[PDB]
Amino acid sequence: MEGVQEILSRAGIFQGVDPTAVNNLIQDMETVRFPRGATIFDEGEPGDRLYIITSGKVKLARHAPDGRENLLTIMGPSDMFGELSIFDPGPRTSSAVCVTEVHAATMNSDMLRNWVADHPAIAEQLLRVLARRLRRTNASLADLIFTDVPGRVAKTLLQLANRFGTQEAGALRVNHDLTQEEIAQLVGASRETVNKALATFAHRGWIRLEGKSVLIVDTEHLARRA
């Protein structure tokens, strides 16, 4: 249906790819839905399925023997996950759990081989997608090593707003729905450290802290801090 296939076409994997080929793969894709709280996969599990959300929220968490788990990200419409599986079938690098009911469409490595075979020119476009992904994954590594807590709070707030923000009267209302601990986990620091940084941010007039939402009043200043 138009809107659902509109949502799908927006995914990273299709960004800057041949529009006709994108249409082609979209109609070959299988739909799935999952209920609220459903587990899609567990970290460690073998996989060969890439998911593109068309509706609802999935969280990806990282785990450990000691130092249990850590929210990695939260994802919504047009986002994809599990993409590694279809390029390098192997074990899942995270967990994926449904925060709400979720509707998605999926593919596996075969559908991908067939796809490229049909539209060879897209291999170059998909390498660009795979590299853009890399650019981002190394960045989060660098930030975690070198940026300070306030800085990474600033980053995390901006990243959530890019993905889940509402333009509101010159500001951006971010409706993440996360505990203080989860924000800490995204930032990679302690509930306490992260909460101070937030408070200093409010005190500066850059943000207003309201329930489980953040109103970013001063993007420029907050960004410069990031």
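Each residue number is its position in the shown sequence, starting from 1.
Q: Could you check which stretch, 62-70 or 175-183, carries the larger mean CA temperature factor in the entry?
A: The recorded data point to 62-70.
Q: If you average the CA temperature factors as listed in the entry, which stretch comes out higher, 34-42 or 160-168?
A: The deposited B-factors put 160-168 ahead on the C-alpha mean.
Q: Looking at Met80, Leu141, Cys98, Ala154, which has the biggest Cα B factor in the entry?
A: When the deposited C-alpha B-factors of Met80, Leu141, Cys98, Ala154 are compared, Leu141 is largest.
Q: Quiz for you: based on the deposited Cα B-factor, which of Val102, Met107, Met75, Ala121 is highest?
A: Result of the comparison over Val102, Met107, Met75, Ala121: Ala121.
Q: So where's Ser94 on the chain's Cα temperature factor ranking, which third?
A: Lowest third.
Q: Among the modelled residues of its chain, does the C-alpha B-factor of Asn195 lie in the lowest, middle or highest third?
A: CA B-factor rank for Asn195: highest third.
Q: Split into thirds by Cα B-factor across the chain's modelled residues, where does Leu8 land: lowest, middle or highest?
A: Within its chain, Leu8 is a lowest-third residue by C-alpha B-factor, going by the deposited values.
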